[PDB]
$ cat start_16.pdb   # PDB, C-alpha atoms
ATOM      1  CA  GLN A   1      97.738 179.447  60.579
ATOM      2  CA  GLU A   2      96.201 175.964  60.434
ATOM      3  CA  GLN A   3      98.362 175.052  63.441
ATOM      4  CA  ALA A   4      96.070 177.138  65.669
ATOM      5  CA  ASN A   5      92.917 177.281  63.529
ATOM      6  CA  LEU A   6      92.560 173.503  63.229
ATOM      7  CA  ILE A   7      93.179 172.982  66.966
ATOM      8  CA  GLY A   8      92.100 176.050  68.926
ATOM      9  CA  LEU A   9      93.035 174.922  72.435
ATOM     10  CA  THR A  10      91.403 177.470  74.736
ATOM     11  CA  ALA A  11      92.884 178.476  78.082
ATOM     12  CA  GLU A  12      90.222 176.576  80.028
ATOM     13  CA  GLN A  13      90.574 173.610  77.659
ATOM     14  CA  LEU A  14      94.304 173.305  78.350
ATOM     15  CA  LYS A  15      93.673 174.218  81.997
ATOM     16  CA  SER A  16      91.624 171.042  82.457
ATOM     17  CA  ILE A  17      94.572 169.032  81.125
ATOM     18  CA  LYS A  18      96.922 170.608  83.670
ATOM     19  CA  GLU A  19      94.530 169.866  86.539
ATOM     20  CA  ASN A  20      94.480 166.179  85.592
ATOM     21  CA  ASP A  21      98.280 166.077  85.801
ATOM     22  CA  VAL A  22      98.176 167.710  89.239
ATOM     23  CA  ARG A  23      95.282 165.475  90.300
ATOM     24  CA  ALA A  24      97.243 162.421  89.148
ATOM     25  CA  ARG A  25     100.177 163.504  91.321
ATOM     26  CA  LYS A  26      98.165 164.109  94.495
ATOM     27  CA  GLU A  27      96.494 160.723  94.038
ATOM     28  CA  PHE A  28      99.830 158.983  93.454
ATOM     29  CA  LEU A  29     101.614 160.555  96.433
ATOM     30  CA  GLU A  30      98.775 160.765  98.963
ATOM     31  CA  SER A  31      97.938 157.120  98.208
ATOM     32  CA  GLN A  32      98.723 155.340 101.476
ATOM     33  CA  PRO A  33      98.982 151.554 101.876
ATOM     34  CA  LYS A  34      95.914 149.600 102.985
ATOM     35  CA  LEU A  35      96.958 147.036 105.594
ATOM     36  CA  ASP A  36      95.114 145.630 108.604
ATOM     37  CA  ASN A  37      93.178 148.640 109.863
ATOM     38  CA  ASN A  38      92.538 147.902 113.547
ATOM     39  CA  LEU A  39      96.062 146.470 113.979
ATOM     40  CA  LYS A  40      98.259 149.306 112.640
ATOM     41  CA  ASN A  41      97.731 151.553 115.656
ATOM     42  CA  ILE A  42     101.394 152.001 116.603
ATOM     43  CA  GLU A  43     102.459 155.579 117.281
ATOM     44  CA  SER A  44     105.122 155.355 114.566
ATOM     45  CA  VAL A  45     102.941 153.977 111.766
ATOM     46  CA  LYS A  46     100.063 156.378 112.436
ATOM     47  CA  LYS A  47     102.584 159.227 112.535
ATOM     48  CA  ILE A  48     103.919 158.214 109.114
ATOM     49  CA  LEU A  49     100.442 157.910 107.592
ATOM     50  CA  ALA A  50      99.562 161.418 108.777
ATOM     51  CA  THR A  51     102.706 162.807 107.102
ATOM     52  CA  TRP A  52     102.432 160.405 104.154
ATOM     53  CA  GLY A  53     102.214 163.141 101.520
TER      54      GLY A  53
ATOM     55  CA  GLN B   1     114.611 149.648  79.818
ATOM     56  CA  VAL B   2     113.399 150.299  83.362
ATOM     57  CA  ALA B   3     113.891 146.591  84.071
ATOM     58  CA  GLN B   4     117.577 147.002  83.219
ATOM     59  CA  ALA B   5     117.814 149.837  85.743
ATOM     60  CA  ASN B   6     115.869 147.726  88.245
ATOM     61  CA  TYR B   7     118.288 144.794  88.034
ATOM     62  CA  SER B   8     121.331 147.069  88.300
ATOM     63  CA  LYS B   9     120.010 148.821  91.407
ATOM     64  CA  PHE B  10     118.874 145.454  92.788
ATOM     65  CA  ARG B  11     122.412 144.048  92.817
ATOM     66  CA  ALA B  12     123.698 147.262  94.410
ATOM     67  CA  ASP B  13     121.661 146.755  97.585
ATOM     68  CA  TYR B  14     122.892 143.153  97.750
ATOM     69  CA  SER B  15     126.565 144.143  97.616
ATOM     70  CA  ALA B  16     125.899 146.947 100.103
ATOM     71  CA  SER B  17     124.300 144.489 102.532
ATOM     72  CA  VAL B  18     127.032 141.859 102.174
ATOM     73  CA  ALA B  19     129.417 144.645 103.199
ATOM     74  CA  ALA B  20     128.021 144.112 106.706
ATOM     75  CA  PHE B  21     130.423 141.159 106.802
ATOM     76  CA  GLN B  22     133.127 143.818 107.121
ATOM     77  CA  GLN B  23     131.456 145.010 110.324
ATOM     78  CA  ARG B  24     132.028 141.526 111.740
ATOM     79  CA  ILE B  25     135.778 142.043 111.346
ATOM     80  CA  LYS B  26     135.409 145.152 113.515
ATOM     81  CA  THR B  27     134.143 143.007 116.393
ATOM     82  CA  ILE B  28     137.081 140.602 116.116
ATOM     83  CA  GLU B  29     139.457 143.552 116.477
TER      84      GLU B  29
ATOM     85  CA  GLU C   1     120.143 142.519 134.043
ATOM     86  CA  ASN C   2     118.959 146.144 133.807
ATOM     87  CA  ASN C   3     116.659 146.608 130.795
ATOM     88  CA  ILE C   4     114.579 143.414 130.645
ATOM     89  CA  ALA C   5     111.367 142.988 132.657
ATOM     90  CA  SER C   6     111.575 139.362 133.771
ATOM     91  CA  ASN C   7     110.989 137.622 137.096
ATOM     92  CA  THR C   8     113.954 135.280 136.553
ATOM     93  CA  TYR C   9     117.240 134.974 134.693
ATOM     94  CA  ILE C  10     116.247 131.475 133.490
ATOM     95  CA  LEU C  11     114.927 132.645 130.134
ATOM     96  CA  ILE C  12     112.635 130.122 128.443
ATOM     97  CA  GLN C  13     111.216 130.918 125.007
ATOM     98  CA  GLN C  14     107.827 129.269 124.484
ATOM     99  CA  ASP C  15     106.243 131.873 122.186
ATOM    100  CA  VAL C  16     107.369 134.367 119.558
ATOM    101  CA  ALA C  17     105.250 137.255 120.836
ATOM    102  CA  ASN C  18     108.202 139.335 122.041
ATOM    103  CA  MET C  19     110.050 138.507 118.804
ATOM    104  CA  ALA C  20     107.460 139.316 116.133
ATOM    105  CA  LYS C  21     106.290 142.429 117.993
ATOM    106  CA  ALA C  22     109.808 143.880 117.842
ATOM    107  CA  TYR C  23     110.037 143.027 114.133
ATOM    108  CA  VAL C  24     106.826 144.804 113.122
ATOM    109  CA  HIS C  25     107.944 147.758 115.254
ATOM    110  CA  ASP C  26     111.199 147.728 113.233
ATOM    111  CA  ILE C  27     110.413 146.784 109.632
ATOM    112  CA  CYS C  28     107.326 149.020 109.626
ATOM    113  CA  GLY C  29     109.325 152.078 110.678
ATOM    114  CA  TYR C  30     111.077 151.974 107.295
ATOM    115  CA  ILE C  31     107.768 152.413 105.460
ATOM    116  CA  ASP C  32     107.170 155.567 103.379
ATOM    117  CA  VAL C  33     110.840 155.413 102.303
ATOM    118  CA  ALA C  34     109.916 154.875  98.652
ATOM    119  CA  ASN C  35     106.844 157.121  98.732
ATOM    120  CA  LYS C  36     109.036 159.823 100.270
ATOM    121  CA  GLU C  37     111.466 159.367  97.379
ATOM    122  CA  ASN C  38     108.575 159.706  94.930
ATOM    123  CA  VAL C  39     107.732 163.063  96.527
ATOM    124  CA  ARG C  40     111.181 164.437  95.702
ATOM    125  CA  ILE C  41     111.344 162.935  92.207
ATOM    126  CA  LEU C  42     107.771 163.937  91.362
ATOM    127  CA  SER C  43     107.925 167.342  93.072
ATOM    128  CA  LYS C  44     111.027 168.049  90.960
ATOM    129  CA  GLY C  45     109.107 169.070  87.845
ATOM    130  CA  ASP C  46     105.594 168.973  86.439
ATOM    131  CA  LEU C  47     105.072 166.817  83.354
ATOM    132  CA  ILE C  48     102.245 168.801  81.695
TER     133      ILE C  48
ATOM    134  CA  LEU D   1     104.634 140.777 110.076
ATOM    135  CA  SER D   2     103.454 138.672 107.134
ATOM    136  CA  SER D   3     101.502 141.593 105.669
ATOM    137  CA  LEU D   4     104.512 143.921 105.677
ATOM    138  CA  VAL D   5     106.613 141.229 103.992
ATOM    139  CA  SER D   6     103.966 140.601 101.337
ATOM    140  CA  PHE D   7     103.536 144.373 101.061
ATOM    141  CA  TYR D   8     107.248 144.986 100.496
ATOM    142  CA  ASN D   9     107.739 141.825  98.414
ATOM    143  CA  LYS D  10     104.765 142.388  96.094
ATOM    144  CA  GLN D  11     105.925 142.012  92.496
ATOM    145  CA  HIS D  12     105.008 144.671  89.926
ATOM    146  CA  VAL D  13     104.787 143.606  86.273
ATOM    147  CA  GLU D  14     102.633 145.695  83.920
ATOM    148  CA  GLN D  15     104.738 145.859  80.718
ATOM    149  CA  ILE D  16     105.744 149.525  80.945
ATOM    150  CA  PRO D  17     104.880 150.751  77.424
ATOM    151  CA  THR D  18     107.354 152.560  75.205
ATOM    152  CA  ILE D  19     106.378 155.997  73.893
ATOM    153  CA  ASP D  20     107.104 156.815  70.240
ATOM    154  CA  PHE D  21     106.875 160.607  70.212
ATOM    155  CA  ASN D  22     107.734 160.605  66.501
ATOM    156  CA  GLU D  23     104.496 158.766  65.708
ATOM    157  CA  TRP D  24     102.338 161.191  67.694
ATOM    158  CA  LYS D  25     104.377 164.144  66.422
ATOM    159  CA  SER D  26     103.565 163.170  62.827
ATOM    160  CA  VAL D  27      99.918 162.050  62.862
ATOM    161  CA  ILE D  28      98.607 165.050  64.826
ATOM    162  CA  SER D  29      99.653 167.182  67.803
ATOM    163  CA  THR D  30      99.697 170.755  69.063
ATOM    164  CA  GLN D  31     102.802 172.679  68.022
ATOM    165  CA  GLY D  32     105.316 172.557  70.856
ATOM    166  CA  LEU D  33     103.218 170.087  72.863
ATOM    167  CA  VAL D  34     104.571 166.734  71.658
ATOM    168  CA  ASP D  35     108.104 168.083  72.078
ATOM    169  CA  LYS D  36     107.392 169.703  75.452
ATOM    170  CA  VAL D  37     105.955 166.435  76.769
ATOM    171  CA  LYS D  38     108.925 164.442  75.464
ATOM    172  CA  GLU D  39     111.607 166.671  76.984
ATOM    173  CA  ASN D  40     109.726 166.877  80.289
ATOM    174  CA  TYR D  41     108.897 163.159  80.245
ATOM    175  CA  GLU D  42     112.520 162.153  79.654
ATOM    176  CA  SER D  43     113.723 164.402  82.485
ATOM    177  CA  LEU D  44     111.768 162.464  85.117
ATOM    178  CA  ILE D  45     112.742 159.071  83.674
ATOM    179  CA  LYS D  46     116.354 159.879  84.565
ATOM    180  CA  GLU D  47     115.476 160.206  88.254
ATOM    181  CA  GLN D  48     115.719 156.892  90.092
ATOM    182  CA  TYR D  49     115.763 155.567  93.638
ATOM    183  CA  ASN D  50     119.039 155.723  95.577
ATOM    184  CA  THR D  51     119.260 152.156  96.847
ATOM    185  CA  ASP D  52     122.787 152.726  98.172
ATOM    186  CA  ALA D  53     121.891 155.256 100.871
ATOM    187  CA  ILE D  54     119.110 153.042 102.235
ATOM    188  CA  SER D  55     121.314 149.936 102.153
ATOM    189  CA  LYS D  56     123.767 151.549 104.583
ATOM    190  CA  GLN D  57     121.386 152.962 107.196
ATOM    191  CA  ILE D  58     119.485 149.684 107.576
TER     192      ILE D  58
END
$ encode --input "start_16.pdb" --output "structure tokens"
Amino acid sequence: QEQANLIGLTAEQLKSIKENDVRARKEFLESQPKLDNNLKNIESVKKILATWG
Amino acid sequence: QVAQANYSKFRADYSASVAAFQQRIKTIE
Amino acid sequence: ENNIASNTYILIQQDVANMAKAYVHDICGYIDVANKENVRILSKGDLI
Amino acid sequence: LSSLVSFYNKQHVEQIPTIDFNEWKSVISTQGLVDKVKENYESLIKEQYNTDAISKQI
């Protein structure tokens, strides 16, 4: 019983942990490179950045 | 351990690129 | 003789504009290759 | 052109730390959590880039 009594992880308490994992993913994937801004205007590069994911 | 995997994959791309030398033989033919 | 806009066949290279422009239009195209791989590997399963 | 080269050729060295799940499993952890993280963690470590496919197309 001490397994749960000592550490009573509530649904919302564990929920916050899961959101951080998801938030870490979206930040890692959606992170796009930061090169020269006003120079990377090619149709191909801008197309890739839009669909970076 | 990831460095070991990095080096192994690193040499793979090298060998795969050097294979382009085979494409040169295609031109000669 | 068909697909090069030049006013003469006596080609004289005095600048690398036409050369570097075609390289950035080529090496850049292969961007997102690793990030795209991360999508598949990371979208596979959720750590939690 | 130089930016893309420096961008692609940037070296990454951060001393990827090793995880000792046995240590965390013993000191304190939620039942089934330390093991669930380990099995799920190890699964993604197996996945790796496929350098071969890219080497051919380029």
$ residues_around --input "start_16.pdb" --residues "stretch 10-20 of chain B" --least-positions-apart "6" --cutoff "10 Å" --atoms "all atoms listed in the file" --output "PyMOL selection string"
(chain B and resi 4) or (chain D and resi 50-56+58)
$ atom_distance --input "start_16.pdb" --atom1 "atom CA of residue A:36" --atom2 "atom CA of residue C:29"
15.7 Å
$ atom_distance --input "start_16.pdb" --atom1 "atom CA of residue D:10" --atom2 "atom CA of residue A:41"
22.7 Å
$ closest_atom_pairs --input "start_16.pdb" --of "chain A" --to "chain C" --cutoff "7 Å" --atoms "only C-alpha atoms" --output "CSV"
residue,atom,partner,partner_atom,distance
A:18,CA,C:48,CA,6.0
A:21,CA,C:48,CA,6.3
A:29,CA,C:39,CA,6.6
A:44,CA,C:29,CA,6.6
A:45,CA,C:29,CA,6.7
A:52,CA,C:32,CA,6.8
$ interface_residues --input "start_16.pdb" --of "chain A" --to "chain D" --cutoff "8 Å" --atoms "all atoms listed in the file" --output "number ranges by chain"
A: 3, 7, 35
$ interface_residues --input "start_16.pdb" --of "chain D" --to "chain C" --cutoff "8 Å" --atoms "only C-alpha atoms" --output "list in words"
residues 1, 4, 37, 40, 41, 44, 47, 48 and 49 of chain D
$ atom_distance --input "start_16.pdb" --atom1 "atom CA of residue D:38" --atom2 "atom CA of residue D:21"
6.8 Å
$ closest_residue --input "start_16.pdb" --among "D:18, D:43, D:9, D:2" --to "chain B" --atoms "all atoms listed in the file"
D:18
$ decode --input "start_16.pdb" --residues "stretch 31-42 of chain A" --atoms "N, CA, C and O atoms" --output "short mmCIF file (atom, residue, chain, number, x, y, z; two decimals), in the first residue's frame"
data_model
loop_
_atom_site.label_atom_id
_atom_site.label_comp_id
_atom_site.auth_asym_id
_atom_site.auth_seq_id
_atom_site.Cartn_x
_atom_site.Cartn_y
_atom_site.Cartn_z
N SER A 31 11.13 22.92 -34.60
CA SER A 31 12.31 23.77 -34.61
C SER A 31 12.92 23.81 -36.00
O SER A 31 13.45 22.80 -36.48
N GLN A 32 12.85 24.96 -36.65
CA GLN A 32 13.42 25.14 -37.98
C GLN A 32 14.75 25.88 -37.89
O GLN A 32 14.97 26.66 -36.96
N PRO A 33 15.65 25.67 -38.85
CA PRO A 33 16.95 26.34 -38.78
C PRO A 33 16.82 27.84 -38.96
O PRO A 33 15.88 28.34 -39.58
N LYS A 34 17.78 28.56 -38.40
CA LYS A 34 17.79 30.03 -38.40
C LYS A 34 19.00 30.50 -39.19
O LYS A 34 20.08 30.72 -38.64
N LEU A 35 18.82 30.64 -40.50
CA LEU A 35 19.85 31.15 -41.39
C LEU A 35 19.54 32.60 -41.74
O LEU A 35 18.64 33.22 -41.18
N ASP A 36 20.31 33.15 -42.68
CA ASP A 36 20.02 34.48 -43.21
C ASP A 36 18.55 34.60 -43.57
O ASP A 36 18.03 33.83 -44.39
N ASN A 37 17.87 35.57 -42.95
CA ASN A 37 16.42 35.67 -43.09
C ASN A 37 16.03 36.22 -44.46
O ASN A 37 15.31 35.56 -45.22
N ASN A 38 16.50 37.42 -44.79
CA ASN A 38 16.11 38.08 -46.02
C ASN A 38 16.79 37.51 -47.26
O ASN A 38 16.64 38.08 -48.35
N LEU A 39 17.54 36.42 -47.13
CA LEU A 39 18.21 35.79 -48.26
C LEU A 39 17.63 34.43 -48.62
O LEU A 39 17.78 34.01 -49.77
N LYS A 40 16.99 33.75 -47.68
CA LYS A 40 16.39 32.44 -47.94
C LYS A 40 14.93 32.63 -48.35
O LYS A 40 13.98 32.27 -47.64
N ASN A 41 14.76 33.21 -49.54
CA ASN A 41 13.44 33.49 -50.09
C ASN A 41 13.12 32.60 -51.29
O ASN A 41 12.13 32.85 -51.98
N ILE A 42 13.93 31.57 -51.54
CA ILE A 42 13.69 30.70 -52.68
C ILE A 42 12.37 29.96 -52.47
O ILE A 42 11.96 29.67 -51.34
#
